[PDB]
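Trainee: Have a look at this one before I ask anything.
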Amino acid sequence: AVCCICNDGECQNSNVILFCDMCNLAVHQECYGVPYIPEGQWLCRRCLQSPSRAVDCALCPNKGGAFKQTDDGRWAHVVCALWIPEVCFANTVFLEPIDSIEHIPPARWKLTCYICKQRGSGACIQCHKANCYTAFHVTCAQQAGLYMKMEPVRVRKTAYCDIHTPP
Ligand SMILES: [Ca+2]
Ligand SMILES: [Zn+2]
Ligand SMILES: [Zn+2]
Ligand SMILES: [Zn+2]
Ligand SMILES: [Zn+2]
Ligand SMILES: [Zn+2]
């Protein structure tokens with residue numbers, strides 16, 4: 274079982290993988306922004322609010338995974354928020370609400386995702402390789418198993444198309 278935000282499976286005992294009691298969402302306490310482990314059942318933000326209906330991500334066309342509410346009446350994947358450079362979290366410990374979506378350039382919405390082939394159905398990011406303009410939705414890149422790594426150089440997030448997967 275694996276955290277659906279960082280795609281890693283941690284046997285960590287303090288920063289554990291929580292399972293939503295209702296939708297079986299799997300996420301690292303620290304990846305989803307959970308202050309502490311509760312005694313009893315844990316519910317993700319989606320299952321706390323409309324447990325029966327699926328929500329849309331404001332930033333992509335995919336429907337599974339870990340969601341938070343935005344500050345403007347919508348929902349968004351934590352991973353989409355993490356990877357689209359203009360998007361923010363108002364609280365960076367609770368990782369919510371997702372905000373600054375209005376700061377995304379319109380250009381991101383005019384790109385075509387090469388994985389799902391859709392244009393205008395989300396905000397695309399692009400291959401980190403210089404002069405590669407191949408674009409993809411964050412969750413499409415994730416689902417397709419593209420290389421996507423987060424590394425702070427003195438946080439730097441780098442995603443690549445399958446041509447430019449790095450050494
Ligand atoms: Ca709404
Ligand atoms: Zn994680
Ligand atoms: Zn849930
Ligand atoms: Zn999304
Ligand atoms: Zn896509
Ligand atoms: Zn590329």
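Those letters in the sequence shown? Residues 274 to 427, 438 to 450, by the authors' numbering.
Positions of the beta carbon are idealized from the N, C-alpha and C atoms, including for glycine.
#1: Kindly list the residues whose CB is nearer than 6 Å to the CB of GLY282, restricted to its own chain and excluding five residues on each side of it in sequence; keep chain order.
#2: Would you say the beta carbon of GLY337 comes nearer than 7 Å to a heavy atom of ligand 1?
#3: Between which two residues does the alpha helix (DSSP H) harbouring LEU355 extend?
#4: Taking its Cβ as the centre, do 16 or more other Cβ atoms sit within 10 Å of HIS376, making it buried, or is it exposed?
#5: For the segment 301-373, list the alpha helix (DSSP H) runs that are entirely contained and at least 4 residues long, ordered along the chain.
#6: Using CA atoms only, rank isn't needed, just tell me which of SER394, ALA339, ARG347 is closest to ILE278.
#7: Quick check: what's the CA-CA separation for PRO450 versus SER323?
#8: Under three-state DSSP, which class holds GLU283?
#9: Tell me whether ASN335 is buried or exposed, calling it buried when 16 or more other Cβ atoms sit within 10 Å of its Cβ.
#10: By DSSP's criteria, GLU424 is part of a beta bridge. Which residues make up the other side?
#11: Beta strand (DSSP E) containing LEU291: first to last residue?
#12: Using the C-alpha atoms, what's the distance from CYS304 back to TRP315?
#13: Among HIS301, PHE292, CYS330, which one has its Cα closest to the Cα of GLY313?
Mentor: With the structure as the only source:
#1: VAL275
#2: False, no ligand heavy atom lies under 7 Å from that Cβ.
#3: 351-356
#4: exposed
#5: Here the runs fully enclosed are 302-305, 318-321, 351-356.
#6: In terms of CA proximity to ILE278, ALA339 leads the group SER394, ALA339, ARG347.
#7: If you take the alpha carbons of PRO450 and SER323, they lie about 43 Å apart.
#8: coil
#9: buried
#10: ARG439
#11: 290-292
#12: Whole-angstrom Cα-Cα distance: 15 Å.
#13: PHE292
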